[PDB]
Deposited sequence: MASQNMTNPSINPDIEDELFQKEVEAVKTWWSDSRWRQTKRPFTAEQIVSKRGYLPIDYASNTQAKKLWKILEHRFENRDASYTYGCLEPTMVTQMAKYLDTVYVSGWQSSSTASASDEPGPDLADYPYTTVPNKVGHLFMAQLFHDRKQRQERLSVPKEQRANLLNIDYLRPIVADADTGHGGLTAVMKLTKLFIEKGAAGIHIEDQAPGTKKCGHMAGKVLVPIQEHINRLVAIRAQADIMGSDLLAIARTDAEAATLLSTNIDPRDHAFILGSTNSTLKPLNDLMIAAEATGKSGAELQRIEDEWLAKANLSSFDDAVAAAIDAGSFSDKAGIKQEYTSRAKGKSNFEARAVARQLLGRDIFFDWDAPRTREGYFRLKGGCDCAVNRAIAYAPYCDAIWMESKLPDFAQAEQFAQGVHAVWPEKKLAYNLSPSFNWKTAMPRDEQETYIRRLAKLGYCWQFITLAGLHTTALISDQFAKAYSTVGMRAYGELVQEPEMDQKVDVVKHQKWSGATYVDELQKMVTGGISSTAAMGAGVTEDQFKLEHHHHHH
């Protein structure tokens, strides 16, 4: 009976290895085995509906990247929006930002801090997805009720547009990341993105290995569930200024230290200064004054500057060898190198400038982001660098930086509304911006908050007009334009599936019903 136990195990391990050899995974590094995955499984395998959508999303993005084109979309609020988006956009984005103000699982709104319960964004995914599935059924019923020659004038909308959803930073430790991933897969996510900030928190990043572990945790949970779920890695290193801890050597090139040995450690100072009553913007001015005085820099620059100013001969020679031996090495090894080339230990204190929470100062910018992107690359299907402004030159630089090492790496891009597409750009450049970016390998792009803003705008316009000219505003600003533009929803009973469900009930009750919603005198006959 444990005979079978082992055979069942081996056969399922074999099935997983076969799956893993599929082209979906050719750019994917797994730091675990099929045996380890399968032994985490139970005996009731499930093929999740979302898996179909993950596979669909993969083919789309593969297609786009190969043709150096882009799929682009925006953050969707709710099902009405998603049924209209489905006409023109081939993917759907679910935004953590929009969810915080609009869809917290506990109904408590607030700013974008990822401090809603973590059910929030997965629930919204299920919200939209379940609606997509419904309208898909609705439409198949309507199309199949007439012969194919009479279908040319019927809508043929693809409602099954793959959803990509915000996973924030994973909402806790690695086991939270896996449970969160699990939720997403069962709710309908085709893909999720996870960013290298620290939860509960200038932005604060986590060490490179910690985000890598997050990505591995996502993949592992997907593997356990048999899902082709896409994982998108986002880095906030472009504008980040802080780092939670310093134990990852791949980070050491971007950790800023104090080069001023006169200074008392910042935390000790701020602590003492808070006792003395002193507070508010005066503590903040102390911190700023201290930081300025500290002449922050990387260890490598600190070594080069010390070389430039000290008693040494052949200064260009010492520098080039220090670079040759120390760059991209841990700080502990860079120090040993420097001591042996300089005959002394130069002064460099990266603990002194730490914040009240113990965060290290980070040299953020495009370089930092590229360094992180390259390390994340084999653990994610696409990479995304959060952008301060829509800067094409910077987008080119990040793309080149990543592609110099991973030329096939799919990129994602945030076309953000926090920008001002007016002062940032003239009109014809705006019209081509997505297409130009697509050339660089940005194959999936999105406006995080367009759902928020379109809703805000129409609601303010209509409510205002409504309160001034009454019912006339409805005809003029809503219903007549719906009619002229042949919007779906204007015949709202049909759109909502009234016919679909009448036909359902008639099927169970002998082909007729005394209480058919769309019979007799529905007032939708007032609409052509």
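Gaps in the coordinates relative to the deposited sequence fall at 1 to 11, 213 to 219, 547 to 554.
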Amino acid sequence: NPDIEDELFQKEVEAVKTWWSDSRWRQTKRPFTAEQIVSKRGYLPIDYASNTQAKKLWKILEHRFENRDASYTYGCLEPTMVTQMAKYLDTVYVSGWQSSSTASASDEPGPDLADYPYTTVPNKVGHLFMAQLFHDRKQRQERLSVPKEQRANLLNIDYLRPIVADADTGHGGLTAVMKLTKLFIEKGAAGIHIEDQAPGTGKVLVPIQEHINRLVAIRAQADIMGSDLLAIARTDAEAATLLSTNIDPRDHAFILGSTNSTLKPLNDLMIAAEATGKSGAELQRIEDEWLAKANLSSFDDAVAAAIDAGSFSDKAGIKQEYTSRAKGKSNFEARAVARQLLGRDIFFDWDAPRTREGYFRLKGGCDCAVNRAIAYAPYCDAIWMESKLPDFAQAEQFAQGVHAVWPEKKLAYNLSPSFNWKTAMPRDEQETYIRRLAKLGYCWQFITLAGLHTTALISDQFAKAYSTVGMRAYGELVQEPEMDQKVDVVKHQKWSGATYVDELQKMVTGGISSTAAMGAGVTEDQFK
From here on, numbers count along this sequence of modelled residues.
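When 314 to 322 is weighed against 100 to 108, 314 to 322 comes out higher, by mean CA B-factor as recorded in the entry. If you average the C-alpha B-factors over 287 to 295 and over 156 to 164, the higher value belongs to 287 to 295.
The PDB entry gives the largest Cα B-factor of the residues 76, 303, 176, 225 to 303. Between the residues 135, 187, 214, 203, the entry's highest C-alpha temperature factor is the one at 203.
Per the PDB record, residue ranking by Cα B-factor puts residue 413 in the lowest third of the chain. In the deposited entry, the Cα temperature factor of residue 208 places it in the middle third of its chain's modelled residues. Among the modelled residues of its chain, residue 329 has a C-alpha B-factor that falls in the highest third according to the deposited record.
For residue 422, the recorded CA B-factor ranks within the highest third of the chain. Only modelled residues enter the ranking.
When the modelled residues of the chain are ordered by their C-alpha B factor, residue 229 lands in the lowest third.
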